[PDB]
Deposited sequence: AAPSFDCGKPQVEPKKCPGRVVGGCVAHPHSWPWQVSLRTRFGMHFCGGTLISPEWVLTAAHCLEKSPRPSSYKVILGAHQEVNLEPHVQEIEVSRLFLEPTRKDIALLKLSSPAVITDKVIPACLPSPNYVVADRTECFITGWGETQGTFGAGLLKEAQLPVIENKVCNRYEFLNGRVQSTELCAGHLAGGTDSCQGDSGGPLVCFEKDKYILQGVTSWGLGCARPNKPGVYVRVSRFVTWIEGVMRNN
């Protein structure tokens, strides 16, 4: 009974990270915590293969040395990690060559694929997530007084097409075609500090596909200020090349 990508063994709860709700433990088995060698959380990430983790390039601004990074897998807590939690060192860092906010980490050893550690599925190249598509963002980031501090939280957010997101009342032309927007324009529900590099997944047919990587925003959960995510579809060819070649 191998574990197919995108299919959690613990069905994700829905609560239709600031706002949202604490997730069912192990409902997001591709969620990774990027940590200092001393075990401090400072970014999220997504397991896409037993030996590969995808995150935001900005998460690596403090050090270009792989030895400076540790990956936490199968976790729900941020500080009191449970016993089965896998901790794996990084061997090589691969930054996107067009200066985009995405990067791949090759783990020193392959992660053990369990019912609590399963890779996410990648989208088909150039796929454009439709406007209003409900997707989920996950992370151990700040809650801004919304509850769930120190625990893996989730939030279901509608995707906002770039044409709307780039309007003057919103991000005013700051969003690129290699990026996507997601959030409640009314505010209240949004990724926040510590969620960068983490996943934005959408349910497709019977599984979750990685469509976005938490990147940046004008504050968190502010009205008319949706969060910005790197569009994974525009980088699937590059990601597969790196993994096949290295």
(message) Please report every deposited-sequence interval that has no C-alpha in the structure, sorted by position.
(response) 1-2, 19-20
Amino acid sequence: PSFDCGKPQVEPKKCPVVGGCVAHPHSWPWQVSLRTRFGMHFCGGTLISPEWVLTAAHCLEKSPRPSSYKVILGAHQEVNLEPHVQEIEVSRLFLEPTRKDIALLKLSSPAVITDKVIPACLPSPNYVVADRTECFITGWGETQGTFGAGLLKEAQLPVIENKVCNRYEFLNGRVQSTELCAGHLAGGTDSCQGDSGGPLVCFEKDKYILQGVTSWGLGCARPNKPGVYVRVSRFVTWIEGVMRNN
From here on, numbers count along this sequence of modelled residues.
(message) Mean Cα B factor from the PDB record: higher for 198-206, or higher for 32-40?
(response) 32-40
(message) Mean CA temperature factor from the deposited coordinates, higher in 57-65 or in 209-217?
(response) 57-65
(request) Quick one: which of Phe147, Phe136, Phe94, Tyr127 shows the highest Cα temperature factor in the PDB entry? (result) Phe147
(request) Using the temperature factors in the entry, find which of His76, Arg99, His84, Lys106 has the highest value at its Cα atom. (result) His84
(request) Relative to the other modelled residues of the same chain, rank the CA B-factor of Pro110 and answer lowest, middle or highest third. (result) middle
(request) Sort the modelled residues of this chain by their C-alpha B factor and say whether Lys116 lands in the lowest, middle or highest third. (result) middle
(request) Can you work out whether the C-alpha temperature factor of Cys15 puts it in the lowest, middle or highest third of the chain? (result) highest
(message) Split into thirds by Cα B-factor across the chain's modelled residues, where does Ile88 land: lowest, middle or highest?
(response) middle
(request) Taking the chain's C-alpha temperature factors as the reference, tell me which third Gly45 falls into: lowest, middle or highest. (result) lowest
